[PDB]
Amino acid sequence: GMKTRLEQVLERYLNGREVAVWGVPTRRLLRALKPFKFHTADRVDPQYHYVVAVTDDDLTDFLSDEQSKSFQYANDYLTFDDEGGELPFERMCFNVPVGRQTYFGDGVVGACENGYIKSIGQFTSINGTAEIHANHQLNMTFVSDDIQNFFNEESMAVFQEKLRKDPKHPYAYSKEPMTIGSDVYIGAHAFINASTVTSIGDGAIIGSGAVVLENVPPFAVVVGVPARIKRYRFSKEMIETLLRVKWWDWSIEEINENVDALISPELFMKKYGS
């Protein structure tokens, strides 16, 4: 129903080639490949073939073969098992928009599937171990969720009605899915609570181990259990300039023309601050 990462890349780049499967195929992979022509990879030529590596180990083996030298990433090959891997173009993850050059792990892929995330910006870097989950209801006698597997139609109706009016947003009910900005960095073993967080601002840094229970302002650096603001990456004038310029939506050419201002915040302020 919803285009996988691989499905989006093939639409964009397969360009009528056949798919050369590198590695042991899976049922999920074969279903995704039914509309196209595909075969077990043997001799591969990027004029004729698109290489799908099934697992990361498959990709590792393929990138080690001399036959891969003529294949360029995403344009001519991809890994099937890496829904959170970044791409050179804006993509969808389970109906969540994800910007260019943004990566995350299966925890966040799940959070996208669970409806917890509104979007993830560009050039955002999320450690694979990050976790994003909602709270369960905290205003009933039980805290379990799978208890509802035992609920009949009537029990489940009252259960849902009280979830729906709970202002603490159990299961992120009746709140906005959170936006994760562009140029965000999230370190290892971090948690973001989907019941109380709607906003991880542009440029925000979430340090390793941080348990993030409330919104992170743009370009704030938060650490600790629970996450506290340690510092801001830039002055407020530089932050508001960054929020107006939005360099993370710049074209590739634009990124290179102004590389100097991207590596020097001082020149960035100088060029764009007024």
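Start at 1 and count along the sequence shown; that's the residue number. Take the two forms, superpose them, and find the largest set of C-alpha atoms that agree within 1.5 Å; that set is the rigid core.
Of 29-37 and 216-224, the stretch whose C-alpha atoms sit farther from the shown form in 7 other deposited structures of this protein, after fitting on the rigid core, is 29-37. Look at the C-alpha B-factors of 196-204 and of 67-75. On average they run higher in 67-75. The mean Cα B-factor in the deposited entry runs higher for 27-35 than for the other of 206-214 and 27-35.
Take 106, 145, 153, 86 and read off each C-alpha B-factor from the entry; 153 has the highest. In the PDB entry, residue 141 places in the middle third of its chain by CA B-factor. When the CA B factors of the chain's modelled residues are split into thirds, the value for residue 92 lands in the middle one. Among the modelled residues of its chain, residue 132 has a C-alpha B-factor that falls in the lowest third, as given in the PDB entry. Residue 172: CA B factor lies in the middle third for its chain, per the PDB record. Per-chain ranking of the deposited C-alpha B factor places residue 243 in the middle third.
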